[PDB]
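Neighbour counts are summed over all protein chains in view; Cβ atoms, including those assigned to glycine, are modelled from backbone coordinates with ideal geometry. What is reported rests on the model, the rules as stated and the sources as named; nothing here is a laboratory result.
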Amino acid sequence: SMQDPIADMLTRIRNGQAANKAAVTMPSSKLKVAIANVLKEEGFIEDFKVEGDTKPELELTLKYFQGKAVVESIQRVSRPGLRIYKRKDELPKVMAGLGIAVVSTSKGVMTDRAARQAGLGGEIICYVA
Amino acid sequence: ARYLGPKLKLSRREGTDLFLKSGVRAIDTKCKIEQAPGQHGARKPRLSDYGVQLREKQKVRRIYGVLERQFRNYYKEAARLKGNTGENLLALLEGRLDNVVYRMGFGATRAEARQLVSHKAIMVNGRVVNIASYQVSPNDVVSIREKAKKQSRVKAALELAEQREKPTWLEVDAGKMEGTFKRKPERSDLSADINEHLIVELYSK
Amino acid sequence: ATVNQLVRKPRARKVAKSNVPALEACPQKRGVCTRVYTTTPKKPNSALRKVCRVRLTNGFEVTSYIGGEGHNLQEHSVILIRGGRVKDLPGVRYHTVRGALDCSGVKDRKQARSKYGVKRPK
Amino acid sequence: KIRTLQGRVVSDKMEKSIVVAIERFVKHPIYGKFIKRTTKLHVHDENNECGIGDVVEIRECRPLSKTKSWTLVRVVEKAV
Amino acid sequence: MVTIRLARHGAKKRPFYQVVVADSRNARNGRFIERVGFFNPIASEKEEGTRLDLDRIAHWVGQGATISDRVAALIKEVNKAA
Amino acid sequence: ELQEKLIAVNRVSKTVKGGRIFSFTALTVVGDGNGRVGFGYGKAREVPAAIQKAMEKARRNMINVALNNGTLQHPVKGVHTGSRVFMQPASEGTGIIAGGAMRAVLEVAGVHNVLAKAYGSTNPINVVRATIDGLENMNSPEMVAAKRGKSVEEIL
RNA sequence: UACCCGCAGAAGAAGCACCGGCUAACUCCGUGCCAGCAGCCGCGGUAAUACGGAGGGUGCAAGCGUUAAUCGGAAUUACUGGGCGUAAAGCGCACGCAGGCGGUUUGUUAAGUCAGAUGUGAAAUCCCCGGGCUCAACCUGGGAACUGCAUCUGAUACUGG
RNA sequence: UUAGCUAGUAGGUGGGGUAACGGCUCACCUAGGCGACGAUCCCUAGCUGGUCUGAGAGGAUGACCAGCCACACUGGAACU
Ligand SMILES: [Mg+2]
Ligand SMILES: [Mg+2]
Ligand SMILES: [Mg+2]
Ligand SMILES: [Mg+2]
Ligand SMILES: [Mg+2]
Ligand SMILES: [Mg+2]
Ligand SMILES: [Mg+2]
Ligand SMILES: [Mg+2]
Ligand SMILES: [Mg+2]
Ligand SMILES: [Mg+2]
Ligand SMILES: [Mg+2]
């Protein structure tokens, strides 16, 4: 039973990067598009696009820099069954600022750094390094 | 609370000169500082990381004139103070009244500077201090009592101290034999042969 | 394993028992000798190590070991049992600290006198 | 303005009283797990009208007999 | 009754009496309601010996509080000085 | 010029028809006070030959690490067959708080302030490879900015 | 009384533990698996730098060692921070209650979450900045902290109704 | 390797009693109340601010002091 779509997306992109794939098509979602927007903004991916009327499908394009995959480690944090909620003071920092610790809060899902800048906490979604 | 034995066995065990003698003669011409004291000083074994850390700590302690308890207290103070732990430890060790008296040159050795401090001979800001660990604040004035200003020992120490390189963080004037403490000494001002990383690691162990 | 299983069954500790049961968290215990004798240690070691079955004042009766060289212990002797085991003696879990009420210090010893209750020579 | 709680009634086989089962969400201090905890209370409601199955709203008051220190304020979602 | 008195929180030969509004039935150095300044009979010059808060002392003494013998003298001295 | 430290010498032995023959294995680590660091594992019949064989292989297998001025960039973890090392940067005056074979490799790699901890089998042969792999896989602000398309000021 | 002044003389004042590896420090003499050491590896069968004595060195210091108790190392109960093919670990298998989780879009609410404010979290204690005993220990002023709870006001990206 | 406990016990009506709310207690009525989110039973144990160890998370602990609780040879009771 598919009980976590975010984990499925992370697994798909991590396997595509390992297998040196070009595009990873998957069934999309509102949160998937919101996370893909953050990935495009942070430059960890190359492009994301939602193509579908009745069943929307996200087709992300993998980004490669001199052979090495741009994303080093993708990790789910607040998996279903263990929810993590940290305030503004205790927001995580991935790889001493070299990685993102994406946070979802009231003002959308922008990123950990933007959440700290705005002064609001939230729930951790994905660690991308 | 201080070492009451020979002052050169420690130096020859450490391997270098710890400034525990006056300086009228040469250390090599006065003792046999090339090997450890005892029957097996010539035999040189291999020392581990713990061995070299302990040797560095003992060298620092013998140079400055402190015991294990006081040295650990100074290390804790340096650790709690923000900044470089080794630099803070060196500054705290240098801030002792006997050490600044030795720098001014009122005593041949630190064991004599502290003896003068304890024998009611040092008059700091008009108040006598008998503590060899008395911390000296910036812009502090250290002087000598009347009953010790006209001694032969202080004059001999002052004229002998001209051989060494004068410290750059004191402004002692010999006309009245009184000194003023300037900005605290730094790692570059002090000797660069003292490895403070070994000191900070030995206590971290 | 899983967080739900951990919440259900807590990650419990593992209590370890002390190796000196007859002390009851006490450094020294005064007792009276009952059986003074010598025993042969386990192989490969071989000796005539002097031990003593002694009943403590609390009610426990254990066997301790006599250190040094030469002692004046026998039946109906007051000793001070101290906590410490001997590896090569099966059953011995304690010693008798010297310099106590009756177990005098070792004779003709001038090194490590703290552990054997020997006075400072003149 | 005044504090009040909401729960589910589980038993009312008594005169002018009901038994409520309030559910709360807490985080586990050790494992950080969100589990549902229950706080059952003895609530007295004069002129008995609440059955079993619906949710009720209660307010803290003085003790009445030995252990019911709560009163019913409103009846929301009475549907079975 | 409710009174404002002195509780010694110094050391051997070093008295230091904090001014506390403590009930008369409680201990000298035990329970108290609030603390109003302090007093140091050993402190020399250049040191602020007394820091009693006159506003809160008056606010308490209005509601039936009793000022102790030495506390009243210290308050009088503080008022005379400044 | 370059600094070198051999960490542990072993006494591995074989068995033959006429008895058991002896041998020696030496593990050495070489560096130059900068990001260049390497390890070598020599096998010979005596300790000097073993260490001299290990030194050459260490020098020829030296690798580069993008370390900072006095410490590392970001905390990193290295996973080998039986060793799991975790290293993190520290501040001025903390020193090299590391144990086992990690202290020597960090000292020859030039990091002066670092906190390291090893979990698992702490044998030098595996822990050296674990820490070398952990140090070689760490990133730098310039490299991550180049690979992501952003700037070092943007990703601070 | 603190404190200070003059007396005269170096006097009235240093001991304890260890020295094969862990761990900082090696050489001789005495027995001879005996005396014995021992926290683990282990030593004593004519010299074991491992026992006792001596020299020497090492460490601490008016303290030095042992014992009694807790924790770290022990990631060796692992929430941070582990495993189950073979080192200990998939129930013999299936159904299924409570319980745990839950595909996708929108609307409603705001319980969980987040931000702000108030009350409080006694004093004492830790930390930071300063002051007083010749100095430290000690005392002391302010700040921070007490990571918690309740209430009120705003958000619905996420979980839940 | 402690699965049932409770008949003043759950609640209600009426009266009496403390400074007041109160099965605090009697007289009637409805058989309920608690329990796998651990009732009942057994052993041990004063609680807390704090203390020690640990980078933290945690573990142990309650010396002095401070706040609270309980007890004055043991049990029972009442008066001012
Ligand atoms: Mg040894
Ligand atoms: Mg395991
Ligand atoms: Mg098997
Ligand atoms: Mg098996
Ligand atoms: Mg199976
Ligand atoms: Mg001061
Ligand atoms: Mg407090
Ligand atoms: Mg919803
Ligand atoms: Mg009745
Ligand atoms: Mg632990
Ligand atoms: Mg009595």
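Are any residues in segment F:19-51 in contact (Cβ under 8 Å) with a residue 24 or more places away in the chain, of a type in the set (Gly, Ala, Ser) and touching a strand residue (DSSP E or B) at 6+ places or on another chain (Cβ under 6 Å), and if so, which ones?
Correct list: F:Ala26, F:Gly31, F:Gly35, F:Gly38, F:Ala50.
For B:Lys82, state whether it is closer than 21 Å to B:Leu190 by Cβ, within 14 Å of chain F (Cβ to nearest Cβ) and within 16 Å of RNA strand H (Cβ to nearest atom).
yes
Is it the case that A:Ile35 is more than 14 Å from chain F (Cβ to nearest Cβ), closer than 17 Å to F:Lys147 by Cβ and buried (at least 16 other Cβ atoms within 10 Å of the Cβ)?
When the stated conditions are applied, A:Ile35 does not pass them.
Do any helices (runs of 4 or more DSSP H) lying entirely in segment B:33-103 carry at least 1 residues that are among the hydroxyl-bearing types (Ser, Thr, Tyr) and within 13 Å of the chain's Cα centre (by Cα), and which ones are they?
Because the criterion is at least 1 residues that are among the hydroxyl-bearing types (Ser, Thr, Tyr) and within 13 Å of the chain's Cα centre (by Cα), the helices (runs of 4 or more DSSP H) in segment B:33-103 that meet it are B:49-64.
Filter segment A:67-84 down to residues that are within 16 Å of RNA strand H (Cβ to nearest atom) and under 10 Å from A:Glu123 (Cα atoms), then give me how many there are. Explain how you work it out, then say what you get.
Within segment A:67-84, the subset within 16 Å of RNA strand H (Cβ to nearest atom) is A:82, A:84.
Narrowing the set further to residues that are under 10 Å from A:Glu123 (Cα atoms) leaves A:84.
Count: 1.
Residues of segment C:1-60 being within 30 Å of A:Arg83 (Cα to Cα) and of a type in the set (S, T, N, Q), which ones?
Passing the criteria: C:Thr2, C:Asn4, C:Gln5.
Among (1) within 11 Å of another protein chain (Cβ to nearest Cβ); (2) over 20 Å from F:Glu154 (Cβ atoms); (3) touching a residue at least 24 places away in the same chain (Cβ under 8 Å); (4) not charged (D, E, K, R), where does A:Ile74 come up short?
Of everything listed in (1) within 11 Å of another protein chain (Cβ to nearest Cβ); (2) over 20 Å from F:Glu154 (Cβ atoms); (3) touching a residue at least 24 places away in the same chain (Cβ under 8 Å); (4) not charged (D, E, K, R), A:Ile74 misses just condition (1).
Determine whether D:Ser65 is small (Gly, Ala, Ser) and surrounded by 15 or more Cβ atoms within 10 Å (Cβ to Cβ). I'd like the intermediate steps shown before the answer.
Details: small (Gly, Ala, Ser): yes; surrounded by 15 or more Cβ atoms within 10 Å (Cβ to Cβ): no.
Against the criterion (small (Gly, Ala, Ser) and surrounded by 15 or more Cβ atoms within 10 Å (Cβ to Cβ)), D:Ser65 does not qualify.
Spot the failing condition for A:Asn37; the list is (1) outside the structural domain of A:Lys107 (by CATH); (2) in a loop (DSSP other than H, G, I, E, B); (3) of a type in the set (S, T, N, Q), and only one is missed.
It fails just one condition, (2).
Quick one: which of D:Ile58, D:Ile2 is more than 13 Å from RNA strand H (Cβ to nearest atom) and assigned to a loop (DSSP other than H, G, I, E, B)?
It is D:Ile2.
Looking at segment D:8-33, which of its residues are more than 7 Å from RNA strand H (Cβ to nearest atom) and either of a type in the set (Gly, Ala, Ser) or farther than 28 Å from D:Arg74 by Cβ (or both)?
Residues satisfying the conditions are D:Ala21, D:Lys27, D:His28, D:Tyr31, D:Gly32, D:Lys33.
Pick out the one residue from D:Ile18, D:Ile30, D:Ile2, D:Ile58 that is more than 12 Å from the chain's Cα centre (by Cα) and away from chain C (no Cβ under 14 Å).
Numbers: D:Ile18 fails: more than 12 Å from the chain's Cα centre (by Cα); D:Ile30 fails: away from chain C (no Cβ under 14 Å); D:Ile58 fails: more than 12 Å from the chain's Cα centre (by Cα).
Residue meeting the stated conditions: D:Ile2.
Just to be sure before I move on: is F:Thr15 polar (S, T, N, Q), buried (at least 20 other Cβ atoms within 10 Å of the Cβ) and in a strand (DSSP E or B) in the structure I sent? Talk me through it step by step, then tell me what you get.
Values: polar (S, T, N, Q): yes; buried (at least 20 other Cβ atoms within 10 Å of the Cβ): no; in a strand (DSSP E or B): yes.
When the stated conditions are applied, F:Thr15 does not pass them.
Residues of segment D:36-55 being surrounded by 13 or more Cβ atoms within 10 Å (Cβ to Cβ) and more than 13 Å from the chain's Cα centre (by Cα), which ones?
Matches in segment D:36-55: D:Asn48 only.
What number goes with the only condition from (1) of a type in the set (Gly, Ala, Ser); (2) more than 11 Å from RNA strand G (Cβ to nearest atom); (3) within 14 Å of another protein chain (Cβ to nearest Cβ) that D:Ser69 does not pass?
The single condition D:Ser69 does not satisfy is (3).
Among the residues of segment D:34-45, write down those that are near RNA strand H (Cβ under 9 Å from one of its atoms), away from chain C (no Cβ under 14 Å) and among the hydrophobic types (A, V, I, L, M, F, W, C).
The answer is D:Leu41, and nothing else.
Can you name the number of the only condition in (1) out of contact with any strand residue (DSSP E or B) (no Cβ under 6 Å at 6 or more places or on another chain); (2) among the acidic types (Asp, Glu); (3) surrounded by 17 or more Cβ atoms within 10 Å (Cβ to Cβ) that A:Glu90 fails?
(3)
Which one is surrounded by the most Cβ atoms within 10 Å (Cβ to Cβ) among residues in segment B:156-205 that are among the hydroxyl-bearing types (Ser, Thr, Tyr) and within 14 Å of chain F (Cβ to nearest Cβ)?
Applying the filter and picking the extreme gives B:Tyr203.
Out of all the residues in segment D:46-55, which are at negative phi and more than 10 Å from RNA strand H (Cβ to nearest atom)?
D:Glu49, D:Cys50, D:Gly51, D:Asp54, D:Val55
Only one of (1) hydrophobic (A, V, I, L, M, F, W, C); (2) touching a residue at least 12 places away in the same chain (Cβ under 8 Å); (3) part of a strand (DSSP E or B) is not met by F:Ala54, so which one is it?
(3)
How many of the residues making up segment F:80-101 are away from every other protein chain (no Cβ under 12 Å) and not in a loop (DSSP other than H, G, I, E, B)? Talk me through it step by step, then tell me what you get.
Pass one, segment F:80-101, residues away from every other protein chain (no Cβ under 12 Å): F:80-87.
Those left that are additionally not in a loop (DSSP other than H, G, I, E, B): F:83-87.
The qualifying residues number 5.
Identify, from the list A:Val102, A:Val24, the residue that is free of Cβ contacts under 8 Å to residues at least 60 places away in the same chain, surrounded by 13 or more Cβ atoms within 10 Å (Cβ to Cβ), in contact with a strand residue (DSSP E or B) (Cβ under 7 Å, 6 or more places away or on another chain) and not in a helix (DSSP H, G or I). Don't jump to the end; show me each part of the working.
Values: A:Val102 fails: free of Cβ contacts under 8 Å to residues at least 60 places away in the same chain.
Going through A:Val102, A:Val24 in turn, just one is free of Cβ contacts under 8 Å to residues at least 60 places away in the same chain, surrounded by 13 or more Cβ atoms within 10 Å (Cβ to Cβ), in contact with a strand residue (DSSP E or B) (Cβ under 7 Å, 6 or more places away or on another chain) and not in a helix (DSSP H, G or I): A:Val24.
May I ask you to list the residues in segment C:43-67 that are charged (D, E, K, R) and surrounded by 12 or more Cβ atoms within 10 Å (Cβ to Cβ)? Give the derivation first.
Pass one, segment C:43-67, residues charged (D, E, K, R): C:43, C:49-50, C:53, C:55, C:61.
Matches in segment C:43-67: C:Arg49, C:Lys50, C:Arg53, C:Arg55, C:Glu61.
Filter segment A:105-128 for residues that are away from chain F (no Cβ under 14 Å) and in a loop (DSSP other than H, G, I, E, B); which is surrounded by the fewest Cβ atoms within 10 Å (Cβ to Cβ)?
A:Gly119
So that you can scan it fast, the table gives a plain yes or no per residue for (1) more than 14 Å from chain F (Cβ to nearest Cβ); (2) within 16 Å of RNA strand H (Cβ to nearest atom); (3) touching a helix residue (DSSP H, G or I) at 6+ places or on another chain (Cβ under 9 Å); (4) without any contact (Cβ under 8 Å) to a residue 60 or more places away in the chain:
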position: B:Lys7; (1), (2), (3), (4): yes, no, yes, no
position: B:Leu10; (1), (2), (3), (4): yes, no, yes, yes
position: B:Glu14; (1), (2), (3), (4): yes, no, yes, yes
position: B:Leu18; (1), (2), (3), (4): yes, no, yes, yes
position: B:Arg25; (1), (2), (3), (4): yes, no, no, yes
position: B:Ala36; (1), (2), (3), (4): yes, no, yes, yes
position: B:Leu47; (1), (2), (3), (4): no, no, yes, yes
position: B:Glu56; (1), (2), (3), (4): no, no, yes, no
position: B:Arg61; (1), (2), (3), (4): yes, no, yes, yes
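Please specify each residue of segment D:22-51 satisfying the condition of being outside any strand (DSSP E or B) and more than 16 Å from RNA strand G (Cβ to nearest atom).
D:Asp45, D:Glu46, D:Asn47, D:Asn48, D:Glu49, D:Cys50, D:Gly51
If I ask for residues that are buried (at least 18 other Cβ atoms within 10 Å of the Cβ) and part of a loop (DSSP other than H, G, I, E, B), which ones from segment C:87-103 would you list? Outline the logic, then answer.
Of all residues in segment C:87-103, those buried (at least 18 other Cβ atoms within 10 Å of the Cβ) come to C:89, C:92-98, C:103.
Passing the criteria: C:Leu89, C:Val92, C:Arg93, C:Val97, C:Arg98, C:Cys103.
Which condition number does F:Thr122 fail, the rest of (1) within 13 Å of chain A (Cβ to nearest Cβ); (2) in contact (Cβ under 8 Å) with a residue 24 or more places away in the chain; (3) of a type outside the set (D, E, K, R); (4) in a loop (DSSP other than H, G, I, E, B) being met?
(1)
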